[PDB]
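To keep things clear, I will list the structure first and then write my remarks on it.
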Amino acid sequence: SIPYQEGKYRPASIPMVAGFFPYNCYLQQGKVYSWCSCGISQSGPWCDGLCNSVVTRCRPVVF
Amino acid sequence: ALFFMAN
Amino acid sequence: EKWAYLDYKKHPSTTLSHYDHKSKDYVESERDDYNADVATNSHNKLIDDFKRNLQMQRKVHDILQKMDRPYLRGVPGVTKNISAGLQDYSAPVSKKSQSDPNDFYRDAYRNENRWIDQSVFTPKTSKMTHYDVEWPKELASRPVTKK
Amino acid sequence: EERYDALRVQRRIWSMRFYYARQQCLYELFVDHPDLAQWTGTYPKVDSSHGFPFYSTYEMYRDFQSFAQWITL
Amino acid sequence: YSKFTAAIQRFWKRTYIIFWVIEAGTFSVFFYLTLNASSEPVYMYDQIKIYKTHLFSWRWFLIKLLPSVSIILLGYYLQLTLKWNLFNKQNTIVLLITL
Amino acid sequence: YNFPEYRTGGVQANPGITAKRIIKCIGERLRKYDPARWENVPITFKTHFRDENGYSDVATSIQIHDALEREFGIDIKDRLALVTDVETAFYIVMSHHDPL
Amino acid sequence: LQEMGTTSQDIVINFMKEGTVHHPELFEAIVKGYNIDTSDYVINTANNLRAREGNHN
Amino acid sequence: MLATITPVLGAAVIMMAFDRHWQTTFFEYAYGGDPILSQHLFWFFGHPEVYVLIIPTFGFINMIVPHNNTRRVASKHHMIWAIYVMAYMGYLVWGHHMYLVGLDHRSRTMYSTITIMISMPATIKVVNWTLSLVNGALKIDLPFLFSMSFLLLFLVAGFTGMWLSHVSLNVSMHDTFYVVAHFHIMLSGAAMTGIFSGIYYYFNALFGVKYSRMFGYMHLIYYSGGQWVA
Amino acid sequence: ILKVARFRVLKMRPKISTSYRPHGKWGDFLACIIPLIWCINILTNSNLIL
Amino acid sequence: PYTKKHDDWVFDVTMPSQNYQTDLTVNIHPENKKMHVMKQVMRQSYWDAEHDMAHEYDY
Amino acid sequence: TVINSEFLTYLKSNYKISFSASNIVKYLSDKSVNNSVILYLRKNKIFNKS
Amino acid sequence: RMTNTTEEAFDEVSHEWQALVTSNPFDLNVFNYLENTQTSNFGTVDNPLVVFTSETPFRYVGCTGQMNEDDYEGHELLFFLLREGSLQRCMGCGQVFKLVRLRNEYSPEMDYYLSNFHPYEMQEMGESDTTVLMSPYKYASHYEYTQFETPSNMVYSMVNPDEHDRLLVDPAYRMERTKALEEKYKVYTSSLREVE
Amino acid sequence: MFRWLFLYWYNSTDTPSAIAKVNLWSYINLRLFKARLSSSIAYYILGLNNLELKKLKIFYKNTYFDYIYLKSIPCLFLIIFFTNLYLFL
Amino acid sequence: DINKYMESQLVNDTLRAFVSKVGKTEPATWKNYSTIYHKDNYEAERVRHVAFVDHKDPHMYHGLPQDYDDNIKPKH
Amino acid sequence: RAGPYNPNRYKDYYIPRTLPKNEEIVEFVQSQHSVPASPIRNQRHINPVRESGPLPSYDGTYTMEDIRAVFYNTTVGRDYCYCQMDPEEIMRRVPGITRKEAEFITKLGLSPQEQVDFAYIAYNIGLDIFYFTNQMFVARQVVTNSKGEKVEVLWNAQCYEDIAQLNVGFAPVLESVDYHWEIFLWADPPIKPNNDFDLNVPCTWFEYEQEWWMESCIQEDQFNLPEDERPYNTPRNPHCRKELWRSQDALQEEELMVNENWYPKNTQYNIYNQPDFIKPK
Ligand code: HEA
Ligand code: FES
Ligand SMILES: [Cu+2]
Ligand SMILES: [Zn+2]
Ligand SMILES: [Zn+2]
């Protein structure tokens with residue numbers, strides 16, 4: 001997984017858009033979240049595990 | 001139905 | 001090597017002339033030749049695998065014995081046992097049974113011993129005359145027919 | 001608040017008590033009554049992580065296994 | 001000899017039950033049709049079917065039932081005593097069931 | 001100000017500190033939930049939470065699951081494993097890929 | 001020209017004037033049907049591009 | 001389905017034989033019988049008979065397209081559920097063959113609703129075939145062309161049969177050549193085109209040699225054209 | 001049809017179908033909306049003429 | 001059962017077996033392919049009446 | 001059965017019993033051994049693989 | 001109800017009883033129930049999935065990939081002819097299969113595969129005094145009950161066909177060999193007791 | 001007599017090789033009866049060195065009726081109280 | 001016994017490196033012993049342990065066979 | 001023709017024809033229980049390794065962007081792609097591949113992207129590229145296992161669910177010449193092996209391709225914003241940084257836990273018997 005790059009994030013590969021609207025999600029303080037970079041995750045914005053099942057260099061952003 | 005005949 | 005009979009099994013074409021392809025007594029039986037070949041090859045292959053696996057296991061154990069252990073230079077209680085040692089805070093009232101499954105499994109099935117835990121061998125048991133002498137004599141005395 | 005957290009924990013406790021009693025019943029059914037376990041749709045519930053396969057295991061009979069349920073209803 | 005394994009025995013048990021299930025399908029349909037048999041309306045065409053209960057005496061039925069239960073019990077005794085009895089000693093039971 | 005460490009996976013890098021955190025949170029939760037039983041019992045790494053015959057209590061273990069979730073910020077799957085000892089809690093915590 | 005796996009004969013392609021001709025010598029040699037000697041070469045380890053990269057059509 | 005329905009037809013025909021030759025008056029109204037019972041029994045057998053005739057051809061198309069498209073079928077579980085739902089609902093629609101015999105209006109409404117709802121399991125099959133025909137490595141074969149002909153014929157037949165459950169139309173279209181066209185398109189065209197698709201798909205397995213393309217193409221063209229024109 | 005007739009044969013850009021099994025998001029729900037509407041239509045019309 | 005091997009790698013028809021990937025003095029023109037002996041589709045096996053009757057005969 | 005003392009000493013000196021017997025026959029007493037029935041199983045070549 | 005194998009079991013009954021009482025992988029693989037074959041691991045080069053054949057050069061094998069809990073099969077059922085001689089793998093999922101051609105022997109190599117077989121069920125062995133249960137709820141899953149007991153004092157000894165013929169047609173030789181084998185059984189039991 | 005498969009298959013000396021060297025296949029030594037699990041849940045976690053066997057036992061099965069009756073008295077009295085309360089109100 | 005845990009981790013890391021170098025491949029699991037709590041056997045969530053922050057990170061090859069010498073030596 | 005044959009008329013020797021001595025029986029039992037027995041098959045996966053070679057790299061000679069670009073240009077024509085990649089370049093992209101393999105790969109009909117990708121796969125998985133595809137086995141691959149045995153694996157020719165469509169042949173040819181009246185000649189059933197979930201292994205046979213096709217069917221009709229137009233260096237989120245957040249209390253607690261003599265100190269009773277315990281109430 002890749003760290004949170006503070007406003008400077010170039011995708012390693014072209015991701016699937018998977019929606020043109022941002023999610024409005026309640027994040028708990030101090031809890032580690034994995035963000036889906038590939039875009040093919042079934043579990044909404046979060047990584048799930050499908051980045052390992054697609055040919056991409058987009059790794060989850062653990063923040 | 002509702003607008004099956006369309007006119 | 002003290003647990004196993006590592007004696008290679010000779011092909012029947014040596015002792016018996018009707019298996020020898022150039023002995024003028026040869027009986028060209030495809031199925032019997034295949035059976036002899038497969039039995040001899042399987043036995044010798046198991047012996048060779050046993051030897052090679054034992055050598056590989058010795059190599060791996062030698063690697064593991066001499067490897068550096070950086071956790072012995074860490075902070076006690078974080079990456080090492082505490083300075084006092086290992087303690088037992090229970091108050092047993094009777095002897096623990098020898099049939100506990102967890103201790104046996106943790107000492108028996110290990111990844112380090114992977115190279116010898118599945119090596120098939122013939123145990124070094126005492127020979128039986130009716131089975132290791134008389135039966136081979138009976139097998140080798142079978143009459144054969146080319147017809 | 002704290003009362004809501006206590007209610008949530010109690011609900012989880014009830015749910016897990018039911019789940020684990022049911023799982024004990026299912027494990028006993030699989031071990032002692034393999035054919036009924038297969039008929040009811042119970043998975044092979046013996047942990048074979050030690051590498052030795054179970055002596056009496058079976059293929060899953062998932063008869064019941066959306067639209068079909070709706071239209072049948 | 002050398003043919004009647006466990007698979008063959010199970011096959012013949014299945015064959016028996018399959019035959020009797022097949023024969024019990026058409027009979028089941030006929031019995032269902034017999035239960036709700038068609039009739040004329042009760043008002044003017046068929047005013048008497050109210051009193052046609054078609055009830056048969058149970059005492060006569062019970063005296064009818066004797067030979068069938070007799071052969072059932074004799075067959076069970078024949079199969080139970082096959083463990084310690086010979087063929088000529090069981091010919092009595094076999095002949096009685098035949099008669 | 002103490003800057004948090006950049007390198008991730010610090011829970012797995014300090015087994016002793018992870019076990020200490022597990023022991024602390026489990027002890028606090030068990031003393032709060034069942035004071036009449038666990039207020040005198042020291043909780044160490046070999047302490048289990050079953051009966052003398054090996055029978056486990058689901059309520060106590062779910063309380064321990066909640067304590068571990070709040071302590072480490074994880075989501076313990078209650079249907080996959082039941083925490084009946086500190087060793088099981090250690091295995092669950094160190095198996096999770098996002099403990100903190 | 002083998003387009004998409006089907007060979008086609010006598011296919012005309014166009015290079016527009018409003019296009020950047022990097023390496024004019026190599027472009028001229030390729031268009032004029034020359035086998036270019038690339039013995040004097042270096043390799044640039046620049047992983048800038050990506051698959052299906054946006055290109056302003 | 002045949003195991004379920006065969007005893008009913010057997011009982012009906014045995015009763016007909018007894019009525020013909022013993023004068024049991026099973027289907028004579030004068031002294032208790034009712035002629036409608038014969039229609040009920042026969043059609044309770046009969047609609048499942050058409051379903052058992054048609055479903056294996058659905059099986060035939062679902063094998064050729066994945067074989068030639070080099071990809072998995074769109075969703076095999078949903079197709080299996082669709083055919084099973086059609087089989088289960090085929091036992092509650094026989095009365096659409098007896099709309100005009102004077103059934104009670106509750107029965108007609110039940111039969112019509114369940115018959116019209118057959119269109120939803122059948123549309124799942126068509127959507128799955130269409131989705132299995134896309135995004136793959138296609139190899140054009142004579143079984144594939146026969147499958148396409150089956151697809152067209154089945155579409156037309158199913159739509160026309162769905163129209164027949166519209167009760168007001170069915171009153172005018174009962175026992176007419178519209179029904180003949182519906183079920184002939186379906187049975188003859190779709191079923192025999194699927195059977196021919198299986199014959200060409202299993203030609204080496206059945207005959208040990210590979211088939212000739214010329215007369216096979218002629219067979220395809222002429223059979224499909226004849227079905228439509230007829 | 002156009003796609004499968006123009007770009008799915010082996011010589012015209014085939015696809016490497018790497019999916020073992022399908023994973024769907026309410027499949028039949030989309031495939032049954034169009035038929036259900038039809039049913040509604042038919043039912044309504046019948047009722048009127050009835 | 002059939003065990004003959006009548007298929008193997010075929011080169012020097014249009015793609016040469018030699019190496020001219022970097023050869024600047026050689027251009028490969030596969031349209032100049034030379035005629036070879038036509039390979040007919042495999043003929044199916046033909047029965048031997050006497051052999052088949054003898055082998056399938058049962059005493 | 002009676003096993004000679006010298007033979008037992010020879011066995012104990014030559015072979016040291018380090019593992020247990022997995023055969024359940026080890027539990028049988030001499031009363032139960034005498035009640036066993038010796039059945040024979042003809043072992044010939046096998047041609048049927050089902 | 002248990003067959004007197006001395007006089008009745010000759011070829012297939014005899015082989016079935018051998019499979020029951022010896023659990024030899026060859027015999028046990030011949031008579032393994034078609035209903036359930038023991039679930040195995042996932043084939044890898046280090047730990048190949050072993051498919052057994054009783055002295056046959058090949059076997060048809062179908063692969064559905066890495067089976068999961070959500071869907072019982074990984075990929076589509078792909079069939080192939082697993083042959084004898086080397087490891088072979090399914091290119092779709094990479095599962096490596098090894099064909100083990102079991103031999104009719106008592107070698108330690110065969111005993112290595114002793115844990116890959118379900119033990120042979122004894123319920124259908126022998127002769128049944130009940131045809132079939134008429135209960136629909138318990139049918140095709142339960143076996144038929146018996147009015148008799150199953151003896152447990154049978155010790156099976158393998159004989160050659162020639163020796164079995166002589167045993168059948170020569171009662172004196174049969175009694176002699178039986179008493180010799182009883183003495184051997186006494187000796188073997190005493191040896192096991194001393195070892196324990 | 002075995003309860004665990006890893007103990008059953010660890011070192012078995014009753015294998016067909018040895019039993020054929022003696023050629024006495026007793027019926028009581030069928031492998032159908034040799035091993036049998038405990039019918040109580042037993043799964044595996046990862047301990048400190050290897051797999052650890054954890055047993056999940058939830059409720060006993062030897063309960064007698066007196067326990068059920070004594071544990072039901074409050075429920076029965078609650079039912080009586082609620083029914084009488086409904087009658088009065 | 002923290003020494004038991006650390007020794008198990010070290011042994012399994014050395015075994016993974018040795019086997020990967022022998023087979024000219026990489027480890028498949030990075031989990032010392034397979035247990036079903038992560039469901040990684042049949043799901044897509046790997047237990048791979050490769051964490052680094054840039055191309056200059058010294059700890060980039062930790063957990064991979066490239067971290068070991070041809071003598072299976074822990075460093076370089 | 002050959003005459004009648006009854007195999008039961010000929011003696012077979014599977015059991016020794018003499019009985020063991022009593023002393024030999026006792027000695028054999030003693031001997032077999034004095035030494036370990038032969039091991040029995042264990043199906044646990046000890047140290048699984050990737051079946052498809054090392055996982056592709058983020059950056060290097062060959063990465064995953066190359067694999068994607070390979071996907072988006074797939075075609076199977078009736079003629080070769082006579083454009084040959086340089087064998088030196090193929091060797092450079094896949095460092096361990098030999099000259100002969102690179103040249104032979106260039107002599108196949110793949111487009112240069114597919115040539116380099118095939119070279120990568122063949123080198124990583126140990127594939128034998130000189131193996132001619134037939135209806136017995138479609139591929140051959142020599143790989144050394146964890147015991148260093150250097151085994152070979154033969155990728156068979158398969159059929160889609162239909163044994164009737166399976167080419168049951170024993171020749172290195174593509175035709176279906178053999179027709180069997182009895183498919184299961186010896187009555188041995190075919191098998192579909194079920195895998196135990198506990199004994200499964202994580203998918204490593206090109207695991208990164210399971211969703212590939214799906215994604216590549218969605219990205220073919222997707223237009224991506226060029227990096228010239230994508231906004232960059234946007235303001236950082238106030239509550240997020242590259243270092244995972246730890247509260248100062250948690251950091252202090254870990255610092256305290258570093259000490260060896262750490263105990264909770266918040267208990268009501270002196271449960272740890274610490275000499276320096278002060279009751280907090
Ligand atoms: C196997 C052949 C077969 C099949 C599959 C069907 C299928 C169907 N049949 Fe048919 N039918 C017969 C054979 C068959 N039938 C026969 C032989 C008779 C004569 C009985 C007698 O003599 O009385 C008969 C009679 C019959 C009747 C009575 C006619 C009359 O009383 O004489 C009715 C309507 O009540 C009917 C309806 C249907 C319906 C709704 C379906 C449905 O299952 C069809 C399902 C298909 C769909 C509904 C999906 C369509 C797909 C699309 C996506 C539609 C869109 C396409 C376009 C718009 C072109 N059938
Ligand atoms: S699926 Fe997007 S990073 Fe995992
Ligand atoms: Cu109909
Ligand atoms: Zn049952
Ligand atoms: Zn597969």
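As shown in the structure tokens, the chain order sets the letters A, B, ...; within each chain, residues go from 1, and ligands are also counted from 1 in the order they appear.
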
(request) Please provide the set of residues having any atom within 12 Å of residue 65 in chain D, restricted to only C-alpha atoms, with same-chain residues fewer than 4 positions apart removed, written as a PyMOL selection string. (result) (chain D and resi 40-42+60-61+69) or (chain H and resi 77-78+81) or (chain L and resi 69-72)

Store the residues picked out above in a file with N, CA and C atoms, as an mmCIF file, in the first residue's frame.
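Below is the file that was written, out.cif:
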```
data_model
loop_
_atom_site.group_PDB
_atom_site.id
_atom_site.type_symbol
_atom_site.label_atom_id
_atom_site.label_comp_id
_atom_site.auth_asym_id
_atom_site.auth_seq_id
_atom_site.Cartn_x
_atom_site.Cartn_y
_atom_site.Cartn_z
ATOM 1 N N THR D 40 -28.909 -30.942 4.902
ATOM 2 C CA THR D 40 -29.315 -29.626 5.381
ATOM 3 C C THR D 40 -28.485 -28.494 4.791
ATOM 4 N N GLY D 41 -27.403 -28.797 4.082
ATOM 5 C CA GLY D 41 -26.570 -27.760 3.512
ATOM 6 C C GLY D 41 -25.442 -27.289 4.397
ATOM 7 N N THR D 42 -24.952 -28.139 5.294
ATOM 8 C CA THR D 42 -23.884 -27.777 6.214
ATOM 9 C C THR D 42 -22.531 -28.068 5.578
ATOM 10 N N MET D 60 -20.676 -30.627 -1.168
ATOM 11 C CA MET D 60 -21.759 -29.768 -0.710
ATOM 12 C C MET D 60 -23.009 -29.950 -1.560
ATOM 13 N N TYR D 61 -24.142 -30.137 -0.889
ATOM 14 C CA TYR D 61 -25.456 -30.221 -1.519
ATOM 15 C C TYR D 61 -26.182 -28.910 -1.233
ATOM 16 N N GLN D 69 -36.695 -16.392 -5.766
ATOM 17 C CA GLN D 69 -37.374 -16.317 -4.478
ATOM 18 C C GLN D 69 -38.580 -15.390 -4.545
ATOM 19 N N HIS H 77 -25.750 -19.709 -13.240
ATOM 20 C CA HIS H 77 -26.668 -19.907 -12.124
ATOM 21 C C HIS H 77 -28.021 -19.272 -12.406
ATOM 22 N N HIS H 78 -28.026 -18.078 -12.997
ATOM 23 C CA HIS H 78 -29.289 -17.408 -13.282
ATOM 24 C C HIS H 78 -30.064 -18.123 -14.381
ATOM 25 N N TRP H 81 -31.578 -21.160 -12.697
ATOM 26 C CA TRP H 81 -32.719 -20.739 -11.894
ATOM 27 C C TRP H 81 -33.906 -20.373 -12.773
ATOM 28 N N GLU L 69 -15.732 -20.253 -0.560
ATOM 29 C CA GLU L 69 -16.939 -20.402 0.244
ATOM 30 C C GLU L 69 -18.151 -19.763 -0.423
ATOM 31 N N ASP L 70 -17.983 -18.572 -1.003
ATOM 32 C CA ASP L 70 -19.110 -17.882 -1.624
ATOM 33 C C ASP L 70 -19.649 -18.666 -2.815
ATOM 34 N N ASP L 71 -18.773 -19.028 -3.746
ATOM 35 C CA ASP L 71 -19.118 -19.888 -4.869
ATOM 36 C C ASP L 71 -18.334 -21.182 -4.732
ATOM 37 N N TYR L 72 -19.035 -22.311 -4.777
ATOM 38 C CA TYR L 72 -18.393 -23.582 -4.472
ATOM 39 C C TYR L 72 -17.318 -23.965 -5.478
#
```

(message) Please find the residues contacting ligand 2 at a distance of at most 12 Å between atoms, with only C-alpha atoms and all ligand atoms counted, and report them as a ChimeraX atom specification.
(response) /A:1-2,11-18,33-62 /N:44-46 /O:208,211-212,215

With N, CA and C atoms retained, write the just-selected residues as a short mmCIF file (atom, residue, chain, number, x, y, z; two decimals), in the first residue's frame.
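Everything below was put into part31.cif:
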```
data_model
loop_
_atom_site.label_atom_id
_atom_site.label_comp_id
_atom_site.auth_asym_id
_atom_site.auth_seq_id
_atom_site.Cartn_x
_atom_site.Cartn_y
_atom_site.Cartn_z
N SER A 1 0.86 -1.18 0.00
CA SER A 1 0.00 0.00 0.00
C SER A 1 0.90 1.23 0.00
N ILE A 2 0.33 2.36 -0.40
CA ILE A 2 1.11 3.60 -0.47
C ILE A 2 0.62 4.56 0.61
N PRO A 11 -1.59 8.95 -10.02
CA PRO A 11 -1.85 7.51 -10.07
C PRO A 11 -0.75 6.77 -10.81
N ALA A 12 -0.34 5.63 -10.24
CA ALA A 12 0.73 4.84 -10.85
C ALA A 12 0.29 4.30 -12.21
N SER A 13 -0.97 3.88 -12.32
CA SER A 13 -1.58 3.50 -13.57
C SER A 13 -2.94 4.17 -13.67
N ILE A 14 -3.52 4.12 -14.86
CA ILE A 14 -4.83 4.73 -15.07
C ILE A 14 -5.88 3.90 -14.34
N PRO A 15 -6.63 4.48 -13.42
CA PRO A 15 -7.66 3.72 -12.70
C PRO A 15 -9.01 3.79 -13.40
N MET A 16 -9.87 2.85 -13.04
CA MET A 16 -11.26 2.94 -13.44
C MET A 16 -11.94 4.05 -12.65
N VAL A 17 -12.72 4.88 -13.34
CA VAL A 17 -13.30 6.06 -12.69
C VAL A 17 -14.21 5.64 -11.55
N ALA A 18 -15.13 4.70 -11.81
CA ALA A 18 -16.01 4.15 -10.78
C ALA A 18 -16.84 5.23 -10.10
N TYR A 33 -7.75 3.40 7.52
CA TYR A 33 -8.61 3.13 6.38
C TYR A 33 -7.76 2.88 5.15
N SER A 34 -8.16 1.90 4.35
CA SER A 34 -7.52 1.62 3.07
C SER A 34 -8.44 2.13 1.97
N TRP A 35 -7.93 3.05 1.15
CA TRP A 35 -8.70 3.67 0.08
C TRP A 35 -8.40 2.97 -1.23
N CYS A 36 -9.45 2.61 -1.96
CA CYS A 36 -9.28 1.91 -3.23
C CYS A 36 -8.75 2.86 -4.29
N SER A 37 -7.56 2.58 -4.81
CA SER A 37 -6.98 3.39 -5.87
C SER A 37 -7.35 2.87 -7.26
N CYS A 38 -7.44 1.55 -7.41
CA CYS A 38 -7.78 0.97 -8.70
C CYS A 38 -9.19 1.34 -9.13
N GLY A 39 -10.14 1.34 -8.20
CA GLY A 39 -11.51 1.68 -8.50
C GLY A 39 -12.43 0.51 -8.75
N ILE A 40 -11.92 -0.72 -8.76
CA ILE A 40 -12.73 -1.89 -9.05
C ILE A 40 -13.22 -2.57 -7.78
N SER A 41 -13.05 -1.93 -6.63
CA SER A 41 -13.46 -2.55 -5.37
C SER A 41 -14.98 -2.63 -5.27
N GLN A 42 -15.47 -3.78 -4.81
CA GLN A 42 -16.89 -3.93 -4.55
C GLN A 42 -17.31 -3.26 -3.25
N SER A 43 -16.37 -3.02 -2.34
CA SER A 43 -16.67 -2.45 -1.03
C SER A 43 -16.59 -0.93 -1.03
N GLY A 44 -17.29 -0.30 -1.96
CA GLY A 44 -17.36 1.14 -2.01
C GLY A 44 -16.02 1.80 -2.23
N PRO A 45 -15.73 2.83 -1.43
CA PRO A 45 -14.46 3.55 -1.61
C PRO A 45 -13.25 2.80 -1.10
N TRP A 46 -13.45 1.77 -0.27
CA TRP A 46 -12.34 1.12 0.40
C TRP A 46 -11.79 -0.03 -0.44
N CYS A 47 -10.60 -0.49 -0.05
CA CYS A 47 -9.78 -1.31 -0.94
C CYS A 47 -10.41 -2.67 -1.22
N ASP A 48 -11.00 -3.31 -0.21
CA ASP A 48 -11.45 -4.70 -0.30
C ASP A 48 -10.21 -5.54 -0.60
N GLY A 49 -10.16 -6.29 -1.70
CA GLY A 49 -8.94 -7.00 -2.04
C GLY A 49 -8.68 -7.12 -3.52
N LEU A 50 -9.48 -6.44 -4.34
CA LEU A 50 -9.49 -6.69 -5.78
C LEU A 50 -8.35 -6.01 -6.53
N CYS A 51 -7.55 -5.17 -5.87
CA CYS A 51 -6.38 -4.62 -6.55
C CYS A 51 -5.34 -5.68 -6.83
N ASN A 52 -5.32 -6.76 -6.05
CA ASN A 52 -4.44 -7.89 -6.30
C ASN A 52 -4.93 -8.77 -7.44
N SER A 53 -6.17 -8.60 -7.88
CA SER A 53 -6.76 -9.40 -8.94
C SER A 53 -6.89 -8.64 -10.25
N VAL A 54 -6.17 -7.54 -10.41
CA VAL A 54 -6.18 -6.77 -11.65
C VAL A 54 -4.76 -6.33 -11.95
N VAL A 55 -4.45 -6.20 -13.23
CA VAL A 55 -3.13 -5.76 -13.66
C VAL A 55 -3.06 -4.24 -13.54
N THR A 56 -2.57 -3.76 -12.41
CA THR A 56 -2.43 -2.33 -12.19
C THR A 56 -1.35 -2.09 -11.15
N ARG A 57 -0.78 -0.89 -11.19
CA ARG A 57 0.15 -0.45 -10.16
C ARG A 57 -0.52 0.43 -9.12
N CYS A 58 -1.85 0.54 -9.16
CA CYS A 58 -2.59 1.34 -8.19
C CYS A 58 -2.75 0.53 -6.92
N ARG A 59 -2.08 0.94 -5.88
CA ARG A 59 -2.13 0.30 -4.57
C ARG A 59 -2.97 1.13 -3.61
N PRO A 60 -3.58 0.50 -2.61
CA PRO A 60 -4.45 1.25 -1.70
C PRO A 60 -3.68 2.31 -0.93
N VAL A 61 -4.37 3.40 -0.61
CA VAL A 61 -3.81 4.50 0.16
C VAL A 61 -4.24 4.28 1.61
N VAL A 62 -3.33 3.78 2.43
CA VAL A 62 -3.62 3.58 3.85
C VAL A 62 -3.39 4.90 4.58
N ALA N 44 -9.29 -12.68 -2.16
CA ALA N 44 -8.25 -11.96 -2.88
C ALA N 44 -7.36 -11.12 -1.97
N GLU N 45 -7.51 -11.23 -0.66
CA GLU N 45 -6.72 -10.44 0.28
C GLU N 45 -5.45 -11.21 0.64
N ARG N 46 -4.32 -10.77 0.10
CA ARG N 46 -3.04 -11.40 0.37
C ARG N 46 -2.51 -10.99 1.74
N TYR O 208 -3.18 -11.82 -10.69
CA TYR O 208 -3.46 -10.44 -11.02
C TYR O 208 -4.23 -10.28 -12.32
N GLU O 211 -9.65 -10.06 -12.59
CA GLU O 211 -10.54 -8.97 -12.96
C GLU O 211 -10.08 -8.20 -14.18
N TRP O 212 -8.85 -8.47 -14.65
CA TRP O 212 -8.23 -7.74 -15.75
C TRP O 212 -9.19 -7.47 -16.90
N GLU O 215 -11.98 -5.03 -16.16
CA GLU O 215 -11.51 -3.65 -16.11
C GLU O 215 -11.16 -3.15 -17.50
#
```

(request) Kindly work out which residues sit at most 10 Å from ligand 4, using only C-alpha atoms and all ligand atoms, and give the list as JSON, numbers by chain. (result) {"D": [29, 32, 33, 34, 35, 36, 37, 38, 39], "L": [137, 138, 139, 140, 141, 142, 143]}

(message) So that I can check the surroundings of residue 44 in chain M, please list as a ChimeraX atom specification every protein, DNA and RNA residue that reaches within 6 Å of it, counting only C-alpha atoms and ignoring chain neighbours fewer than 4 positions away.
(response) /M:52-54

Go ahead and write the residues just picked, C-alpha atoms, as a short mmCIF file (atom, residue, chain, number, x, y, z; two decimals), in the first residue's frame.
```cif
data_model
loop_
_atom_site.label_atom_id
_atom_site.label_comp_id
_atom_site.auth_asym_id
_atom_site.auth_seq_id
_atom_site.Cartn_x
_atom_site.Cartn_y
_atom_site.Cartn_z
CA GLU M 52 -2.58 -24.10 18.36
CA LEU M 53 -5.73 -26.19 18.79
CA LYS M 54 -8.58 -24.23 20.38
#
```

(request) Enumerate residues in contact with ligand 3: an atom-to-atom distance of at most 12 Å, counting only C-alpha atoms and all ligand atoms. Format the result as a PyMOL selection string. (result) chain H and resi 40+42-54+86-87+89-99+111-112+114-116+118+161-162+164-165+179+182-183

(message) Just list as a ChimeraX atom specification whatever in chain M DSSP marks as helix (DSSP H, G or I).
(response) /M:5-8,16-22,27-29,65-70,73-88

(request) Determine, counting only C-alpha atoms, which protein, DNA and RNA residues have an atom within 9 Å of an atom of residue 36 in chain M; residues of the same chain fewer than 3 positions away are not included. Present the result as a list in words. (result)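 Answer for this query is residues 31 and 55 of chain D; 1, 2, 3, 4, 5, 32, 33 and 39 of chain M.
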
Kindly save the residues from that selection, with C-alpha atoms included, as a tab-separated table (two decimals), in the first residue's frame.
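Wrote it out as out20.tsv, contents follow:
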```
chain	number	residue	atom	x	y	z
D	31	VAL	CA	-19.24	-35.24	12.91
D	55	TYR	CA	-11.99	-39.38	7.33
M	1	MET	CA	-7.88	-45.86	19.77
M	2	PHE	CA	-7.25	-42.41	18.36
M	3	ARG	CA	-8.98	-39.04	18.71
M	4	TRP	CA	-6.79	-36.80	16.51
M	5	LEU	CA	-5.76	-37.50	12.93
M	32	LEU	CA	-13.40	-47.34	9.89
M	33	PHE	CA	-13.36	-47.44	13.71
M	39	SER	CA	-17.90	-33.83	18.35
```
